[PDB]
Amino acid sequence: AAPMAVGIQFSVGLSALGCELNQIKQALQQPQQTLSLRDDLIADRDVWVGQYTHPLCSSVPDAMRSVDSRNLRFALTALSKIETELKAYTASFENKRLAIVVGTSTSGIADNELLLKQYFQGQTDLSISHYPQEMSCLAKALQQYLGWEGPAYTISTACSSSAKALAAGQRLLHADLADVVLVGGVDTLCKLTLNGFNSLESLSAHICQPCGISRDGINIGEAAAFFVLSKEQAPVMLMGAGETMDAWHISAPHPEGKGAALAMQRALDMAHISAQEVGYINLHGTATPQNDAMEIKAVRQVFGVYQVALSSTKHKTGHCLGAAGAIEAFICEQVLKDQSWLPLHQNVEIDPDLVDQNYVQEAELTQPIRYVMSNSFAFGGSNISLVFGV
């Protein structure tokens, strides 16, 4: 048995894929084009983004007005999909044993970009509030909303933030610090991320082509995804996590994938499974030249050649940055629950260097699978791989 396994009791995943479970599954099983064009994020240019194209709650509770932001509204919109059943569930645990670990790379920064522009253009006598854009605001707002009294804190490690939050909640449970942990992440679209990544030349000119022969960068997306973890059994369990640091470059991955391969192997080890037992890998698969070349090298090192179905879903959700790992974990859970489909890889000509793998070209799953893996490889060489099982 896997000594670190924790059950996913509840989950929610809001993203460009949709806001109802049936919609999201169909979007991943079909060549639906789910990204949206935006002309208001980068000057003199339209970008394809993974936009949540549904309304957010028009209000935050009264006692939380000070921290209101689109990011928090997104978070509370997702949480309210499970809140009723969650409150029924948590009744049997002590309030101090209900913990929260969440990831974000944006918090509410989008809401201050307007005021900061006005500050820089003239009105030098306005008072902008900082707490709604602080990273810690997320976990503390969620804690206040739920009335929980266990530890609550925020992980902010760029693209690996929310995946590391899942791994943190697993640890909190098996360190006897909590009996229930809300984990996941929420990021929202903003000018800072779109223009920051544009300055690194990391953005595609159109829609991203993960592992494609002529891939040219990423599309950014927003997502709000949460999981309720406990030590008890559940239809899908989080079984293993592997975390490493490249210690190579501040914004380019180790070119041999040494950090990524080790993260994947450590996840398998913690789950007590071999690479052969994995039925699907959800790649990080951002569609930059550097990431996909590095990642498929690491996959080949750990899994071999033509051995495991895999796909990137970042052409559907976009690269959701701090929330990438959580929304991708949500996809992995649904795959394991349904035993029916796998998420389509982008229909593109694969780079010849990367073609020796079984990219998901058609959604039908023909044999049941027991274990799935999801990768997140971030800035500062922060790597994590998660293993889920039934």
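In this text, residue numbers run from 1 along the sequence as written.
Exercise. Mean C-alpha B factor from the entry: is it higher for 278 to 286 or for 254 to 262?
Worked result: That would be 254 to 262.
For this session: Compare the mean C-alpha B-factor of 300 to 308 with that of 216 to 224 as given in the PDB entry, and name the stretch with the higher value.
Result: It is 300 to 308 that shows the higher mean C-alpha B-factor.
Exercise. Looking at 185, 240, 318, 132, which has the highest Cα B-factor in the entry?
Worked result: Largest recorded C-alpha B-factor: 132.
Exercise. Which one of 331, 344, 350, 323 shows the top CA temperature factor in the record?
Worked result: By C-alpha B-factor in the record, 350 ranks first.
Exercise. What third of its chain, lowest, middle or highest, does the C-alpha temperature factor of residue 36 fall into?
Worked result: Middle third by C-alpha B-factor.
For this session: Would you mind checking where the Cα B-factor of residue 267 ranks among the modelled residues of its chain, as the lowest, middle or highest third?
Result: Lowest third of the chain for residue 267's C-alpha B-factor.
Exercise. When the modelled residues of the chain are sorted by Cα temperature factor, does residue 169 land in the lowest, middle or highest third?
Worked result: Its C-alpha B-factor belongs to the lowest third of this chain's values.
For this session: For residue 337, return the chain-relative third of its C-alpha B-factor as stated in the PDB record: lowest, middle or highest.
Result: As the PDB entry reports it, the C-alpha B-factor of residue 337 lands in the middle third of its chain.
For this session: For residue 17, return the chain-relative third of its C-alpha B-factor as stated in the PDB record: lowest, middle or highest.
Result: Bottom third by C-alpha B-factor.
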